[PDB]
Amino acid sequence: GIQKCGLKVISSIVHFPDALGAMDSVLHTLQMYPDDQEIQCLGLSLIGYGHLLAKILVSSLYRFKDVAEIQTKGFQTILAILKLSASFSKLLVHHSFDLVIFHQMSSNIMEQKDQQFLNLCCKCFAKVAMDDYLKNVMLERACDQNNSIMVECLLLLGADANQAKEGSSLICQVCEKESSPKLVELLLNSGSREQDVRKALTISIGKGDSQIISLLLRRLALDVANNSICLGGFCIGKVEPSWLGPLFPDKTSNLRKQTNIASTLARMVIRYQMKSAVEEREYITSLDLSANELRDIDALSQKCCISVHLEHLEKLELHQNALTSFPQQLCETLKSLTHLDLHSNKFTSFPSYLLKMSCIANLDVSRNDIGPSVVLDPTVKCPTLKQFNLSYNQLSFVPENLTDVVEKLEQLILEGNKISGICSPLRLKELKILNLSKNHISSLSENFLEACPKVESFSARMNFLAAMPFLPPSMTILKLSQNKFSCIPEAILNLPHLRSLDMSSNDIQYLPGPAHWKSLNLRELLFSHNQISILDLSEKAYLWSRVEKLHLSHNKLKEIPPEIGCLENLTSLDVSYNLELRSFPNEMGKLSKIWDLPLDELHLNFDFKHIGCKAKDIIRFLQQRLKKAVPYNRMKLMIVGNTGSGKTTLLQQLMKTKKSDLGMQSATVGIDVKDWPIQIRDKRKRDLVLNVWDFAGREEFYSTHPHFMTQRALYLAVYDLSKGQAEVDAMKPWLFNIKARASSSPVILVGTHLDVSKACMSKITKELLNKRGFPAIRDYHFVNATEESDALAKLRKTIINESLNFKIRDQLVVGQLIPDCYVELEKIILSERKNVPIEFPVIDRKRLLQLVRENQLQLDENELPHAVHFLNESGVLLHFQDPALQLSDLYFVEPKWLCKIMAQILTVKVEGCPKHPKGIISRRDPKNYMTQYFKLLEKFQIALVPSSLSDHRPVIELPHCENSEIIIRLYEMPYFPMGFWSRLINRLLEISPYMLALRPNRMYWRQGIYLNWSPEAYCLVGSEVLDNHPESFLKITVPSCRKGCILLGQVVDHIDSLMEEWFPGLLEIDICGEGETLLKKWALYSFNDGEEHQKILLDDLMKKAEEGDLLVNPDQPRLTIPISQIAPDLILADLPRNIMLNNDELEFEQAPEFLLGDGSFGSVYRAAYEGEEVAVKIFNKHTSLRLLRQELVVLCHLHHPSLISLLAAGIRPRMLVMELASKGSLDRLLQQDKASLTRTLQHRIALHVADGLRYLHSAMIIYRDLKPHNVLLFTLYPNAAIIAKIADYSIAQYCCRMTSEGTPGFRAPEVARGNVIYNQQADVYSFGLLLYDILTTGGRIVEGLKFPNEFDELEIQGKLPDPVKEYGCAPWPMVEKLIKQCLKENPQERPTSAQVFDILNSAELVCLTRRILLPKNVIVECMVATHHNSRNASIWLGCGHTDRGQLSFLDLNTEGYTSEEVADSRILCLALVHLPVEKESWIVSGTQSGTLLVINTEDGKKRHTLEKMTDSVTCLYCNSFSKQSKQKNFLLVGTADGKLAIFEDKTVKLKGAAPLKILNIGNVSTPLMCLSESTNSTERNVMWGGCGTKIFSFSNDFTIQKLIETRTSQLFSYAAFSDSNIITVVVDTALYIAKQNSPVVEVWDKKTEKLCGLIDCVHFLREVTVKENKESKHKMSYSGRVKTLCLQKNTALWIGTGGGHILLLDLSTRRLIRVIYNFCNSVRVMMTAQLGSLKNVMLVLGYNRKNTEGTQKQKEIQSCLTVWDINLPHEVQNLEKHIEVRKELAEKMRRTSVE
Ligand SMILES: Nc1ncnc2c1ncn2[C@@H]1O[C@H](COP(=O)(O)OP(=O)(O)OP(=O)(O)O)[C@@H](O)[C@H]1O
Ligand SMILES: Nc1nc2c(ncn2[C@@H]2O[C@H](COP(=O)(O)OP(=O)(O)O)[C@@H](O)[C@H]2O)c(=O)[nH]1
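By the method listed in its record, cryo-EM, this PDB entry was determined to a resolution of 3.8 Å.

Structure representation (C-alpha cells):
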C-alpha cells in the first residue's frame, strides 16, 4: 500500500531534473494495485512521459467511466501518445476503446458546461479515426450496440456503410439486432446498396416490426415525386396496413431538431482534424403489389390506419399473386379506383360486386380460373367500365347480363376461354375492340354483331369458324386467323371502311380481285398458309394503291401477276415458301417502298443472296430489267487434271489455236485463264463465250484451286489414259473435289491419249465412277489431244450441247436475262483491259467510277456493288469484297495475271541452306508491290508456307493416352478435299486466345497441328487411316478434363463452319439411294475405362437422337457412360459451366399460351427457375444445334448491368433462359402507360441505354437496331439500380447468322441508303431517335403507325420537327441540344457513345426545366413571380438597358415578352403585393427618381404614384403580418437612407398612401441593399434586413431589437471583404451574409451574434478549376463574387458567383456538393417560386455576353433566364450514388466471366 507515495514522488521528480526502465514498473503497478482511484490518476498522468499500455488504459477508463476528471488525465495521456506515435490508435481501437469513447461522448455532455473536456475528447477521436479502415471498424463496432448519435457522427465523417460482408453487411445485421428505427434510418439515408436492403427486408419480415419495414420500404418502394408505391418484385408473403402506414403522406408530420448534437460533434472533430492537418394533401395513387405472393389480402379490408388514404387510390395492381375472393369490404372503401388489374391469381368466380365501385375502368381479371358461368348481377349498374378483360379463364358461356350492366364498355376481351355454343345477340352499344380468339366457337348467331354499331377490332383467332354475322359498317381491323375457312365471305367483302384483315392459316381457295372489296382503304392483307392458286389483280389494280402489306407465303402460287407494280404504297411483300414461282415480273421494280422481301425456299431467274440481296437490291435489279434487258452469253469451262495430261495441249485444239507457235510448252503455274468465243454459225446466233481455266495439276498448288471452283461451271476432266485403269482411281480426288465444291455442276471425263494405245477402262468408269458419291458425269470421251479429229469435234459439240442446256433449277444459266447495265459494264471492262499497266493491272475504285462517268452508264453508287460482283462471278474481273481483307478498293482486271502471281512463290524453291524447318520462311524478295504481294497471300492465308510443309507426320507422345482421359471424334470422309488442311490449319492457327492471351507452343506438320499449353490443355488434330480403309480419318484427341472440352467444342466448330462454308456438297444428304452424307462424323468411346482394347464407333447423328436421356449404355444396361464424356459439344458443357440447364429446377410449361404473356403471340414464355422468375425463349426447328451453340459462345461473355444476361441454355427442348423484364418492353409502356414516365425515369432509361451502348461499342459490336421495342424495363421506381436493359439476343443472332438495315422508322441516314458500311455512329443516331421518342412519349410512333412512309422519309434526313412545338411536353432543353447533336447527318459529327453517356451523366441535365432567351440586349436587375395564380405564372422584369423606367412583362408557358414603358427613371427592385379581396395582386415599381409607382396586374393603366421617398429606393418586400386577429399585410419600402416605408395591404390602392411607421435606420451613405424574413413562422416572422454594413432585425414592433455589426470582425483576413456594402441576408439557424465584391460569406448567428463560419467561394472553385482551367494561372485577380443568395427549405444553399457559376452548399454537414458552370456568365438575380402546380423551382437570371465587338468597347449581352428544379441538390448526389452502384455491379458481373 505504498505505491501512492512512490508515484507522487516520481511525478514530482519526472518534471524538475528532466528525468530519463521505469515504464514497465509503473505499468505493472496498475495491475498489481487495481481499482484504486487515488493511484490510477497518479499513474495515468505519468504514462504521458507491447500493447499492455492499451490493454491497461482501455480497461481502466472503462472501469472508471464517469468517476471524475481522471478521464481527463487518461485522454490527455492517449493524446500525448498519438501525437508522437499515431499507429497506436490501431491497437486502441483493437482492444476496447469504443466501449469507453462512446460512453464519454454520450454521457450527457450536452447541457453540461464541460466543453473544455469534450474538446479534448473530440480532438483525440479525430486522430483515432484517421485511417479509413479504423473508421469502418469503429462503425461496425458502433452498430451492434444501439447508439444512434455516435453512428450518425461516424457517418458524417465518411466511413461508408456498405463494406462489412456484402451479403451480411451493416443493415443486414442491424435489422436482426432489434435496433432502433433511428439507427436504420441513418444507414439508409446515407450510402447503402440496394441488394443488402432487399435482404434485410426479408429478415425483418421474419420478425414483426412495424417501423423497421416501414423505413425499409420508404427507401425501397416510394416514388414520392410521382405518387406511387412500386412494391412489385418483392416476395413479401403478406401485407399489413401497419407497414404502409408511414408510407402515405400526412401534413401533420413536423419535428424538432435534436440531431444537431451529431452535427456539433462531427464539426468539432473535422475542425480539429483540419487544424492538425494543415498546420502539421398530395394523395399518392399508384399502389403496386404485383409479385408479392399474396395468399389473401383481407388484411386491408379492415378499418385500418390507412383506410382513409385508400379513398383516393385510383390504381391498384395485384397481378401474378395467389389471391382469391377480393374482400367485400375493400371494393367499397376505395370509391375512386379506376385501374384494377389482378390476373394470374387463383380466383374461382367473378365476384360481380367488383363493379359496385363508384368510378371504375380497365377491370382486368385475365388469367384466373373463373368458373363456367360469370352471371352478372342484374341489379348492379356500372356505366363507367371501359375494358372488361377476361382472357384465358375457363368460361363456357359469354358473360350473361353484359348488356344491361356495362353499357359504355369499349374493349370486351374474352380470348383464351372455351366459349363453345353459338353465342347470343350481345347488344352492347359502345364496343370498339371485341376479342374471342382461341375459343371453341363453331359459328356466331347471324344477329351477333347486328346491334353493336361501333365495333372496330373484332379478333377471333384459332376458332372453328366458317361464317360471319353481318359485321357493322364501322369495322376497321378484323383478325380471323387460324379459323377453318374456305372463302372470304360476303360479310367481309362489303365493309366500306376495312383497314386490315388477318386471315392466315385457313385453307382458302379464292382471293378475290380488288373489284370485290368495296373499301377504298385497304392497308394490310395477311393471307399466309392458305391454298391460294391465283393472285387476280388484272381486274382493277389502282383501288389497292394503299395496300401496305401483302403476305401470301405458303400458298400454291404459280406466278406473280405483272399488275403488282401499281400498288406503289406496298411496303412488305412476302411470297416465300411457294416453291412454284420460278420467276419475278419486271414490273415489281416500281415498288420503291419495299424494305423487306424474303426469298426463303424458292428459286428465281437470278443469283441472289451473295452477301447482300437485302430486298432493296432486288428492286433495283427488277427495275433495271424494266428499262431494257439483254440475254447474257457467258459461262466457265474449268479444266482439271493431275500433273500430266492433255490440259494445255487439249485446250489448244478445243479453241483451235491454229499457230501453236510454242514448239514445246511446259507445266502450268497457277490456272492460266483464257477466253474463247463461239459465234455459232447456225439458225441461232447465240454467241456464247465461255472462259476456260486450265488448272495446274502439279501437286504443290492444290491449296489455291478451291478458290476458283464455282458452281456456275461445266468442268472437264482428263485421264492421261496412257496409264489405263490406274489413273481413273488416281483421278477420283478431282471428281470428289468437284462434288464437294460445286455439287450441281456436270463433268465431262476425257481420256486424253489414244495416239498411244487398253481402252477397256470404260468398264471401271461405268461401274465405280458414275453414281457413287461422285458428281453428275454427263459424258466421257477419248480424244487424241494433239490434232483435229472427228472425236475431238464431237467433244466440241458435246460441250456446246451441255452448256446450252446446263439449266440448274430449270433456269438455262447460259441464257438468263440481265439488265443492259451489266453487259455495258462488261464491254467497258473488256475495252479497258487493253489500257492497264502489265506490271500492275490492278484498278482502284476511283478509276472505274471515272470510267462510268466517261461513259453514259446509269449506275449509281448503290448499283456497282452488285454490278462488279455479277461480273466477278463470270470471271471477267476479280474483286474481293471481304471487309477483313482490306483491299476491296482494288479491281483486278485480267485475272490471268493475278492467278500467275499468287502462284509464283509456291514454285520458287531454295537449293541453298535449310536453316529453317521445311515450310516456314521469312520475307525475302518491286517498288511497294512486294508488301501487297504477301498482303494478298496472307489474305489468301497461304502465308510460313502451309504448302510444301513436312508431309511426314512427326511422332508426338501425348502425356495422357489411357483410354479414359482422352476424347476422340473421327471424321471419316472419302478423301481430304483439295484445299482442306491449308484452310483448316489456318483457322485453328490464328485463334490464339483460347482458354479465354497465353499462346501454346505448336508443332504443325502438313496435316496436323498439336498445339499444347500443358499436359491438361492440348489438341492433336491428326490425319491417319485405319487398316483396311480406303477413306481418310481425321482423329482429334483432347484431354477429357473440363478445359480440354472447350478446345474440342471450338475445333469441331471451326471444322463445321468450314465445311458448310466451302465444301457444301459433302454434308448434303443424298436422299437418292441412302443418306450416306459423305461425312461420317464418328465418335469414339469405350465402356471399360482403360485397356478396353477398342473404342466403339457411334455415328454422331444416331447418337444425337439419344438425347432424351443423358446416359449412353449398351444392350447390357448395367454399366453406362454419360454423354458429357464422349461428345461434350452436343451437350452445352464446353461453354462456361454456369450455363447448364439443370432441368430439375426449371419449372416451365411451354404448351399453355397464358404463360406466353411476354410478347403478343411471340415465342418467349415466362417461367420459374431457381425458385425465381425468368423468361425462357423456346426456339423453333429452324435454329440448328450448331448455330445455337455458335450464338451462345458470343452471348456468354457480355455480362453488363444494362444487357439481358444469360442464365441457362440446354436441350429438351432447345430453349434459352434469360432475365425476365417485369414491366415488359418500352413501346407498350409509352403506348398505354403514358402517365408513368416522370422526367426522372425518362432520364434513367436514357442513361441505362447509353451505358449499354457505351459497353457494346467497347467490345467493338454495334447494335444495328435500337427502338422502343428493344428496351425492356424492369421497374418504374426511378431511384433503382437496374431499370432499362436492351435485349441483346439480336446482336448475337446477327453476328452468327449475318433486318441488318434496322427497322425503317428507327434508322440512321447512312443506314437507310446502305451505300456505306456502318459504324458506332449509327447506334448513336438510333439512340437519338429513341431519346426523341422518350421525350415526346411516343408521339412519333403513334402518328407514324398511320403514316409509315412519312414516319421514315421525314427522319431519313436530319429534319425531324421540334419535340416541343409539335407534341405537348415539358421542354427540358438541356437534351434538345443533345438531340440536335445526335441527329446530325455527318456520322463523325455525332457524339460517340462515350460522350453521349458522359453528357447524360451530368445532373444539371435532369433538373434544368426550361431556359428562356430574353430579347437581344435586355438588361434586367429585378424580377418577381406570381404565385397566387397556380394555373400559370408570370415574371415581371425591370429595365437596365434604358435609363428611363420600363417594366417588362413575361409569361412562362407562352414566352410572350411584353415591353411597356411605365416610368422615366431606371428601376431597381420589385415586389408583388396580393390583396385577398377583389381578387387581384397589385405590382410595384421602385424607381431611382424616388417615386414609388404602383400598377395593377390586369390593367396596365390604373397606376398611381405613392408617397415619394428621398433617394433611390433599393429593396422591397411583401410580408405576412396578420397580427390583428384577421388577415393583413404590409409593404416594406427600404430607401437608400434606411427610412423603411411600411404600408398596409389595402391602402396601397390609395393615391399617395401612408408610409405607416418610417424609421431612419442608417445614413444616406449607408445604403439599404437587402431585406428578408425568418425561415419559420413560429417566431412571428422576424424580419432581418441588411443595411450598408449594418445588419438589423425586428418584428411587429418595427423597431431595432438587434443592430449587429459585421465590419468589426476579429477574424480579419482582409478588410474590404468585411468593410463593404452588404448584398443579401438569409435567416435560418445561422445568419448568412453577402457583400459587394466579397468572394466570401460570413456565417453569423442570431443569439450570440458571432462569426460562426467563413465559407470562401474560390476555396471550392480553384479546386475543380485547376486542370480544366489552365489559363487561370495568369488570372490571379479572380472574378466570381457573391451576387445573390437563396436558401432551399433546409437542404442546401445556392450561391451565385459573379461569373457563370452557381454553388450548392449543404448547410448542415458537408459544404460543397457541386459547381454548375458554363451555362451563363453572371447570376444577377436569383429567387425561388412555384409554377403551375409544379411548385418549388429556382429562377436564375443569368447573362451571356460575347466578345464579337469587344474591340468597340461594347458587349453583346444576352440575359438568359433559366428555371431550375429545386430538387437539384438531392438529384446530383443521388445520381452520383446510382452511377457508382452500377460501376460496382459491372465489376462484379465482369468477375463472373472469369469464373
Ligand atoms: N427477358 C424478357 N423479359 C420480358 N419480356 C421479354 C424478354 N425478352 C423478350 N420479351 C418480350 O417478348 C416479346 C417477343 O420478343 P422476340 O425477341 O420474340 O421478338 P421478335 O424476335 O421480333 O419475334 P419474332 O422472332 O417472332 O419476330 C417482345 O415483345 C419482348 O418485349
Ligand atoms: N505424244 C503425246 N503427248 C501428249 C498427248 N496429250 C498430251 N501430251 C503431252 O502432255 C503435255 C501437256 O502438259 P500438261 O499436263 O497439260 O501440263 P499441266 O496439265 O498444266 O500439268 C504436253 O507436253 C504433251 O507432250 C498425246 O496425245 N500425245
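Structure shown, so let's carry the discussion forward.
Draft legend 1. Representation of the UniProt feature "repeat: WD" in the chain in the model. UniProt marks residues 1407-1451, 1456-1496, 1501-1544, 1549-1595, 1601-1645, 1670-1706 and 1711-1765 with the feature "repeat: WD", using the numbering shown here. Between the end C-alpha atoms of residues 1501-1544 there is a gap of 22 Å, over a span that is 0% helix and 7% strand.

Draft legend 2. Spotlight on the domain arrangement of the chain. Domains assigned within the chain are domain 1 (3-250 + 261-275), domain 2 (475-604), domain 3 (633-654 + 666-815), domain 4 (950-1061 + 1121-1134), domain 5 (1221-1400) and domain 6 (1402-1458 + 1680-1795). Relative placement of domain 3 and domain 5: their C-alpha centres are 57 Å apart.

Draft legend 3. Structural context of the site of ligand 2. The local shell around ligand 2 holds 14 residues, among which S645, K647, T668, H753 and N784 are the closest. The contact in question runs from an oxygen atom of ligand 2 to an N or O atom on the backbone of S645, over 2.7 Å. Between an oxygen atom of ligand 2 and a side-chain N or O atom of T668, the distance comes to 3.0 Å. Of the residues assigned to the shell around ligand 2, the class counts are one nonpolar, 12 polar and one charged.

Draft legend 4. View of the site of ligand 1. Close contacts around ligand 1 come from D1158, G1159, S1163, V1164, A1175, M1218, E1219, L1220, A1221, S1225, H1269 and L1272, and that covers them all. Between ligand 1 and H1269 there is a distance of 3.1 Å, counted from an oxygen atom to a side-chain nitrogen or oxygen. Considered on its own, ligand 1 offers 630 Å² of accessible surface; in the complex 64% of this is hidden by protein. Residues belonging to the shell around ligand 1 are distributed by class as follows: six nonpolar, four polar and two charged.

Draft legend 5. Region of the structure containing the sheet that holds strand 2 (residues 286-288). Across the sheet, four strands lie side by side as 1-2-3-4; this open sheet has parallel pairing. In this open sheet, the two edge strands, each paired with only one partner strand, are strand 1 (228-230) and strand 4 (340-341). Looking at chain direction, strand 2 and strand 3 (residues 315-317) are connected through three bridges and run parallel. Along strand 3, the bridge assignment pairs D288 with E317.

Draft legend 6. Expanded view of the side chain of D364. Topologically, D364 is positioned in the loop between strand 4 and helix 18 (402-405). One buried charged residue, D364, forms no salt bridge at all, with the nearest opposite charge on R367 at 6.3 Å. A distance of 2.9 Å separates a polar atom in the side chain of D364 from a polar atom in the side chain of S366. Apart from the residues lying within four places of it in its own chain, the contact partners of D364 are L340, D341, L342, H343 and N389.

Draft legend 7. Representation of unusual backbone geometry within the structure. The omega angle of the peptide bond from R1212 to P1213 is -5°, so this bond is cis rather than trans. Unlike most non-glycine residues, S950 shows phi in positive territory, near 50°.

Draft legend 8. How the structure looks around the pairing of strand 55 (residues 1734-1746). Pairing of strand 54 (residues 1725-1731) with strand 55 involves six bridges; the strand directions are antiparallel. Each bridged residue has a counterpart across the sheet, and for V1725 the counterpart in strand 55 is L1741. The turn linking strand 54 back onto strand 55 is made up of two residues, and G1732 within it adopts a positive phi angle of 50°. Pairing geometry for strand 55 and strand 56 (residues 1756-1765), over 10 bridges, is antiparallel. In the sheet register, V1737 faces strand 56, and the bridge partner there is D1765.

Draft legend 9. Structural view of the sheet that holds strand 16 (residues 777-781). An order of 14-15-16 is seen for the three strands of this open sheet, with the pairing classed as parallel. For this open sheet the edge positions go to strand 14 (715-718) and strand 16, each flanked by a neighbour on one side alone. Looking at each pair of strands side by side, their axes are set apart by 20° on average, direction ignored. Sheet topology note: the strand 15 (residues 747-750)/strand 16 ladder contains four bridges and is parallel. Pairing of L749 across the sheet is with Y780, part of strand 16. Set on the sheet, helix 23 (residues 732-741) makes contact with strand 14, strand 15 and strand 16; between it and strand 15 the angle comes to about 170°. The sheet contacts of helix 25 (residues 790-803) involve strand 14, strand 15 and strand 16, and relative to strand 16 the element is tilted by about 165°.

Draft legend 10. Representation of the nonpolar core. Ranked by internal contacts, the top residues of the largest apolar core, which has 210 residues, are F125, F326, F458 and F527. When residues of this core are assigned to domains, at least three fall in each of domain 1 (3-250 + 261-275) and domain 2 (475-604). If near-sequence neighbours (up to four positions away) are discounted, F527 is found in contact with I488, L501, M503, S504, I508, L511, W517, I532, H551, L552, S553 and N555. One finds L1237, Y1318, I1379 and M1726 within the second-largest nonpolar core, a separate group that totals 108 residues.

Draft legend 11. Representation of empty space enclosed by the protein in the model. The space that makes up the second largest cavity amounts to roughly 80 Å³. Lining the second largest cavity are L1540, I1542, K1557, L1559, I1561, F1592, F1594, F1598, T1599 and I1600. For the lining of the second largest cavity, a count of residues per class yields eight nonpolar, one polar and one charged.

Draft legend 12. Layout of the side chain of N555. Relative to the helices and strands, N555 resides in the loop between strand 8 (549-551) and strand 9 (572-574). At 2.5 Å, the side chain of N555 forms a polar contact with the backbone oxygen of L552. Among residues more than four places away in sequence, those in contact with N555 are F527, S528, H529, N530, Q531, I532 and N578.

Draft legend 13. Layout of a negative patch on the surface. There is a patch of like negative charges on the surface, built from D1144, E1145, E1170 and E1172. As for its position among the elements, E1145 is in the loop between strand 29 (1121-1122) and strand 30 (1167-1169).

Draft legend 14. Region of interest: a nonpolar patch on the surface. A contiguous nonpolar patch, built from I270, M274 and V278 and spanning about 270 Å² of accessible area, is present on the exposed surface. With respect to the secondary-structure elements, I270 resides in helix 16 (residues 260-278). Judged by its relative accessible area of 37%, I270 is partly exposed.

Draft legend 15. Representation of the packing of aromatic side chains in the model. Here the structure, examined in full by the defined rule, presents 35 aromatic pairs. Ring geometry for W1436 and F1449: centres 4.9 Å apart, planes at 70°, overall edge-to-face. Of this pair, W1436 sits in strand 36 (residues 1436-1437) while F1449 sits in strand 37 (residues 1447-1450); the two residues are 13 residues apart in sequence, bridging distant segments of the chain. One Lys or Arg, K65, reaches over the ring of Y62 and ends 5.6 Å from the middle of that ring. For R461, the ring lying beneath its charged end belongs to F1161, and the centroid distance is 4.4 Å.

Draft legend 16. Structural view of the pattern of salt bridges. The tally for this structure, following the rule as stated, stands at 53 salt bridges. A salt bridge links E152 to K182, with the nearest nitrogen and oxygen atoms 3.7 Å apart. A residue pair is termed long-range when its members are at least 10 positions apart, and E152 in helix 10 (residues 148-155) and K182 in helix 12 (residues 181-189) qualify at 30 residues. With a relative accessible area of 12%, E152 lands in the buried category. Classification of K182 by relative accessible area gives partly exposed; the value is 33%. In this structure, a network of salt bridges that share partners links the residues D1053, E1060, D1134, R1186 and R1189.

Draft legend 17. Just the packing of helix 26 (residues 820-832) against helix 28 (residues 864-873), in detail. Running from N to C, helix 26 and helix 28 cross one another at 65°; their axes reach a closest spacing of 10 Å. Judged on the interaxial angle alone, helix 28 and helix 26 are roughly perpendicular. Once helix 26 is placed against helix 28, the crossing between them reads as right-handed. Contacts between helix 26 and helix 28 involve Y822, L825 and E826 from the former and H866, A867, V868, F870 and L871 from the latter. Here the contact of helix 26 with helix 28 is composed, by residue class, of six nonpolar, one polar and one charged.

Draft legend 18. Seen up close, a positive patch on the surface. Together, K656, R681, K683, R684 and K685 line one region of the surface with positive charge. Structurally, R681 is set in the loop between strand 12 (676-679) and strand 13 (687-694). Overall, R681 belongs to the exposed group, its relative accessible area being 68%.

Draft legend 19. Focus on the environment of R1166. Locating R1166 in the fold gives a position in the loop between strand 29 and strand 30. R1166 sits 20 residues away from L1146 along the chain, and the two C-alpha atoms are 11 Å apart.

Quick notes on the rules
- Residues numbered from 1 in each chain as written, not as in the entry; some residues may be left out.
- Chains lettered and ligands numbered in written order.
- Heavy atoms only, no water.
- Residues with missing side-chain atoms left out of burial classes, pairs and counts.
- UniProt positions renumbered as here; feature names shortened; annotations may be inferred.
- Helix = DSSP H or I, 4+ residues; strand = E, 2+ residues; numbered from the N terminus.
- Domains from an automatic or database assignment.
- Near = heavy atom within 4 Å.
- Polar contact = N/O pair within 3.5 Å; in protein donor to acceptor, adjacent residues only side chain to side chain.
- Nonpolar A, V, L, I, M, F, W, Y, C, P; charged D, E, K, R; others polar.
- Areas by Shrake-Rupley, 256 points an atom, 1.4 Å probe, with all protein chains shown as cover.
- Pairing = 2+ DSSP bridges.
- Buried < 20%, exposed > 50% of the residue type's maximum accessible area, 1.4 Å probe, protein only.
- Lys, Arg positive; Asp, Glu negative; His and termini not counted.
- Salt bridge = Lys/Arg side-chain N within 4 Å of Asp/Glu carboxyl O.
- Contact = heavy atoms within 4.5 Å.
- Axes fitted to C-alpha atoms, helices over the stretch in contact; angles between N-to-C directions.
- Core = buried A, V, L, I, M, F, W, Y, C linked by side-chain atoms within 4.5 Å.
- 1 Å grid on protein atoms, 1.4 Å probe; cavity = no way out; pocket = protein on both sides within 12 Å on 5 of 7 lines; lining within 4 Å.
- Points joined across faces, edges and corners; volume = space filled by probe spheres on them.
- Patch = residues over 30% accessible without salt bridge, like charges linked within 9 Å, V, L, I, M, F, W, Y side chains within 5 Å.
- Charge placed at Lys NZ, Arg CZ, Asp CG, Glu CD.
- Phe/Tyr/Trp six-rings, centres within 6.5 Å; stacked < 30°, edge-to-face > 60°.
- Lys NZ or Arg CZ within 6 Å of the ring centre and 35° of its normal.
- Parallel < 35°, antiparallel > 145°, perpendicular 65-115°, else oblique.
- Left-handed = near helix turned anticlockwise from the far one by under 90°.

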